[PDB]
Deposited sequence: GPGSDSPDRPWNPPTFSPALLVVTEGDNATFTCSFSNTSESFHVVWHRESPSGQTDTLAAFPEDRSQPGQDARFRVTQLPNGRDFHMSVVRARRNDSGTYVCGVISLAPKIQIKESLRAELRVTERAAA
C-alpha cells in the first residue's frame, strides 16, 4: 500500500538542432515486480502517439524512438535519432504497475524544440 510519486520528464524544455539527437529522462521509484514505461507524444486535436516502451517487443515502432533503462533502474532515456523539424511538440512518459496493484501515473508535458541548422 506504499504510495509513490508520479514520474518526472526532464527537461521540461528540450532544444536541439535537426540532424542531432535528443534525449529525455523519465525517473520514478518502482515498487513493482511487473511494470511498463511508455512514451507518448501529445499533439493538438487530441491525438496521442505511442513512440516506444520498455521492455521492447520488436510490435512495429518508428525505430527513431527508443526507450532504454539506465543501470540504476530508476532513470529511463527517451531518445530520438536525427530529430526532424516535425518532431517539435509536447511529450510525456507514463508508468504502468501491474504486480502490486493496477495503478497509472503520467509525467508533466515537456516541450521539444527542433531548431534549424
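Going by the record, the unmodelled stretches of the deposited sequence, in order, are 1 to 7, 66 to 67, 127 to 129.
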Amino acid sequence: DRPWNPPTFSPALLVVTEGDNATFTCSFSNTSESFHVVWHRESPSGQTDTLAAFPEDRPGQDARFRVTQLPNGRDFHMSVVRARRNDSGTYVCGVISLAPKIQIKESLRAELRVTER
From here on, numbers count along this sequence of modelled residues.
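The stretch 30 to 38 shows the higher mean C-alpha B-factor when 72 to 80 is compared against 30 to 38 in the entry. Between 106 to 114 and 2 to 10, it is 2 to 10 that carries the larger average Cα temperature factor according to the deposited entry. Sort the modelled residues of the chain by CA B factor and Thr50 lands in the lowest third. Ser97: CA B factor lies in the middle third for its chain, per the PDB record. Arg64: CA B factor lies in the middle third for its chain, per the PDB record. In the PDB entry, a CA B factor belonging to the lowest third of its chain's modelled residues is recorded for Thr23.
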